[PDB]
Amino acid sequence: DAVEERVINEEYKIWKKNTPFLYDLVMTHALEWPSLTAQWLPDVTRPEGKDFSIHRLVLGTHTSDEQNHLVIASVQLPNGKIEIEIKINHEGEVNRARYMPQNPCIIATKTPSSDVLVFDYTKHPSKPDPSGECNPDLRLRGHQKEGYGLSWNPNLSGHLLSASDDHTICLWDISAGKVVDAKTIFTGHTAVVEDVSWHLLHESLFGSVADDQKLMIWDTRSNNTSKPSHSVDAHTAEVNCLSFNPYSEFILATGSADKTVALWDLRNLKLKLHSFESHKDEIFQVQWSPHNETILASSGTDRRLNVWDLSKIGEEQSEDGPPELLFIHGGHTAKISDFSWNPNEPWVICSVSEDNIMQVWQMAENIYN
């Protein structure tokens, strides 16, 4: 034990030295506590006469026996400071936080208790109350254990999905600090459900992935909540994440403890389309580019964020990895817990790791052009 620390710190030294030719932007910020979660808010402000734009991030804390917070931070990007705008008292670490597309003041969170919380961040003071009391705007009941998966329906305002270690997926309709019981509980998985995500176009369709190694496709119009529409043996270990391609309605991607990202076609789930290989450990997040249909990213325990270009599947080569691996981000020296593609600046990513580091970065233009 502890030779690893020498290996990591030497590799970080090579990385640091090479950033001027690998990146168009690298901002590093040390949070007071690590964040398990990261999501860019949709808004950008471009003040007249300035050399920067102002973007914003939903973050959380993970403490060891100290008061946690849901956090909104501001980031200045050039055409660059990072500041905390608000902290709201949160009961336990923030497993995951996601804004509601139809009203981005509304943020859902996953707690270490079974509760899923809803905050309207405009209804909370500037400074958190030092009493420490968590006053969520809604408490969403239905789970028996904590989890990670959290998804707002982009086509039905207020329909929230959640995945838990209790083997279940819960659905709430918040549209009517009260307690809401789950509208529907889906019980098809036989193990910890790691992630859940609505389809971006079809208001009734969602996907889940679990430690049973399965990708499941659900339809809310089905009377049978114990059996999905489709059930796919997706990976040879736990499936930790999924993400629907925002330009291609039949395409999705899953990330796994088997160290691979799988590419799927909903119309024929018996045949995995491709397996993206290069991660050296468990994958916990995968996300498609909001700007480029063929671009996907993945991160996890190997301390790397990989960016893939599926248009390069099959091309010939002289190498250090397959042709579809566009970029390896090696800026983190600990496990990466989450990342978010900036929706207003193509190729900007924010990524957060267990050693308190948040990085906002952009690979060099010549790497993708």
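Residue numbers here begin at 1 and follow the sequence given. We call the rigid core the largest set of C-alpha positions that still match within 1.5 Å between the two forms.
Participant: Compare 145-153 with 208-216 and report which one shows the larger root mean square C-alpha deviation from this form in 5 other deposited structures of this protein once the rigid core is superposed.
Facilitator: With the rigid core superposed, the C-alphas that lie farther in 5 other deposited structures of this protein are those of 145-153.
Participant: Quick one: core-superposed, which stretch strays further from the shown model in 5 other deposited structures of this protein, 134-142 or 185-193? Go by RMS C-alpha distance.
Facilitator: It is 134-142 whose C-alphas lie farther from the shown form in 5 other deposited structures of this protein.
Participant: Can you check if residue 80 is missing its coordinates in at least one third of the other PDB entries compared, counting only those that model the residues either side of it?
Facilitator: Counting only entries that model residues on both sides, residue 80 is unresolved in at least a third of them.
Participant: In at least a third of the other entries we lined up, does residue 28 end up with no coordinates?
Facilitator: Residue 28: modelled in every other compared entry.
Participant: I'd like to know the size of any gap between residue 271 and residue 272, counted in deposited residues with no coordinates: none, 1 to 3, 4 to 9, or 10 or more.
Facilitator: Gap between residue 271 and residue 272: none, chain continuous.
Participant: Classify the number of deposited-sequence residues missing from the model between residue 79 and residue 80: none, 1 to 3, 4 to 9, or 10 or more.
Facilitator: Per the record, 10 or more deposited residues are absent between residue 79 and residue 80.
Participant: Quick one: say whether 258-266 or 122-130 has the higher mean Cα B-factor in the deposited entry.
Facilitator: Taking the mean C-alpha B-factor of 258-266 and of 122-130, the larger value falls to 122-130.
Participant: Per the record, averaged over C-alpha atoms, which has the higher B-factor: 326-334 or 309-317?
Facilitator: Comparing 309-317 with 326-334, the higher average CA B-factor belongs to 309-317.
Participant: Among the choices 100, 192, 242, 84, identify the one whose CA B-factor in the record is greatest.
Facilitator: Spelled out: the listed residue with the top C-alpha B-factor is 84.
Participant: Using the entry's values, work out which of 199, 90, 183, 159 has the largest Cα B factor.
Facilitator: That would be 183.
Participant: Is the Cα B-factor recorded for residue 232 in the lowest, middle or highest third of its chain?
Facilitator: Answer is highest: the recorded C-alpha B-factor places it there.
Participant: Compare the C-alpha B factor of residue 112 with those of the other modelled residues in its chain, then answer lowest, middle or highest third.
Facilitator: Middle third, going by the recorded CA B-factors of the chain.
Participant: Ranking every modelled residue in this chain by its Cα temperature factor as given in the entry, which third contains residue 178?
Facilitator: Within its chain, residue 178 is a highest-third residue by C-alpha B-factor, going by the deposited values.
Participant: Per the entry's values, where does residue 19 land by CA temperature factor relative to the rest of its chain, in the lowest, middle or highest third?
Facilitator: Ranked within chain, residue 19 CA B lands in the highest tercile.
Participant: For the chain shown, is the CA B-factor of residue 135 in the lowest, middle or highest third of its modelled residues?
Facilitator: Highest third of the chain for residue 135's C-alpha B-factor.
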